[PDB]
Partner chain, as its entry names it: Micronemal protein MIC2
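Here you get one chain, nothing else, as structure tokens; it is the form solved without the partner chain.
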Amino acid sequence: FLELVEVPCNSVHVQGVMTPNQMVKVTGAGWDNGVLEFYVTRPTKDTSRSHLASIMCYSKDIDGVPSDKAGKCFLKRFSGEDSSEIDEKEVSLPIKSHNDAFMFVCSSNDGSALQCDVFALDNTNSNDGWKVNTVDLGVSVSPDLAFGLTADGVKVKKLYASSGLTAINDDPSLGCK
């Protein structure tokens, strides 16, 4: 959307702060097993990182997932001061299954709040089209935010950021290649 450039790495690490209206995009075709986690981390303030926010999606198509979790997604917020968990909350997102294709598109409208558009193509009925819901992550932009996925076997993971965003593209520890 607009001028998105692929980030040749495994996650999107922003240099500095996100100005308003730039975007980062994380896409995949699904995952193999377990929970899908979309993360936003920030630098801890020795040079380590801490979660700022997390979206965890439980597949409706894996036997044994609790009935109160299966096919649901949850937003976990963390304190931007002591890295403490503030709260968890169910959020309405179109990702229902680990066989769905999906995209996360995150931006800050005013340089302060972070929100993401979450797109999914439901595998269990891929004959409907794409669906999208927007989620406010309920945290504020900090310098040097990182965005990515943590999951067992994400299929065809690709990453993009706005042209005007400074994204790390040469750190071998981020799988940059």
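Only residues modelled in both forms are compared. Here, rigid core means the biggest group of C-alpha atoms that superpose within 1.5 Å across both forms. Residue numbers count along the first chain shown, from 1.
Not on display, but discussed next: the form solved in complex with the partner chain.
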(message) Only one of 146, 35, 70, 121 gets a heavy atom within 4.5 Å of the partner chain in the bound PDB entry. Which one?
(response) 121
(request) Note which of 140, 44, 126, 115 lies within 4.5 Å of the partner chain in the bound PDB entry, where distance is taken over heavy atoms; exactly one does. (result) 126
(request) With heavy atoms only and a cut-off of 4.5 Å, decide whether residue 19 touches the partner chain in the bound PDB entry. (result) no
(message) Whether residue 65 contacts the partner chain in the bound PDB entry should be assessed with a 4.5 Å heavy atom distance threshold; does it?
(response) no
(message) Taking the partner chain as it sits in the bound PDB entry, is residue 13 in contact with it (heavy atom to heavy atom, 4.5 Å or less)?
(response) no
(message) At 4.5 Å between heavy atoms, is residue 23 in contact with the partner chain in the bound PDB entry?
(response) yes
(request) Given that the partner is absent here, state which listed stretch (56-64, 127-135, 36-44, 146-154) has heavy atoms within 4.5 Å of the partner chain in the bound PDB entry. (result) 127-135
(request) Let me know which residues along 1-39 have a heavy atom within 4.5 Å of the partner chain in the bound PDB entry, or say none if there are none. (result) 2, 3, 4, 21, 23, 25, 27, 29
(message) Which single residue of 112, 33, 124, 134, after superposing the core, moves its CA by 2 Å or more between this form and the one not shown?
(response) 124
(message) Where the Cα shift reaches 2 Å or more for at least three residues in a row, which ranges qualify between this form and the one not shown on a rigid core fit?
(response) 122-129
